[PDB]
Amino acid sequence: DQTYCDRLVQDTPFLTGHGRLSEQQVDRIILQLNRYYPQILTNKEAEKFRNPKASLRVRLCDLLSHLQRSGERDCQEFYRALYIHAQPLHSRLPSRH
């Protein structure tokens, strides 16, 4: 009976571990969430989460917190984007097993 946002809360510590996602993967995930329908992130949000000056882990933490707070649609789309751009990691998520 887990919702997509339940899954995301469950998966967040795993997803944010160093090495798990690369900058290229996180950047493409952000683009995926901004460039299509539904538009999960605004352009300004997308720029903030891609900002090369902040550590990837901090940006990723902040993105996942943002999606958790934004509801089921946003959490679901994150999982679709993760499948597209980081499939091996997507297959290993705690919430799958």
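Just count from 1 along the sequence shown to find any residue number.
Can you let me know which of the two, 70 to 78 or 10 to 18, has the higher average C-alpha B-factor in the entry? Between 70 to 78 and 10 to 18, it is 70 to 78.
Using the temperature factors of the C-alpha atoms in this entry, rank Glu47 within its chain: lowest, middle or highest third. According to the entry, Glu47 has a C-alpha B-factor in the chain's highest third.
Chain thirds of CA B-factor: placement of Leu63: Answer is lowest: the recorded C-alpha B-factor places it there.
Ranking every modelled residue in this chain by its Cα temperature factor as given in the entry, which third contains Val26? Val26: CA B-factor falls in the middle third of its chain.
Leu33 - which third its CA temperature factor falls in, relative to the rest of the chain: Answer is lowest: the recorded C-alpha B-factor places it there.
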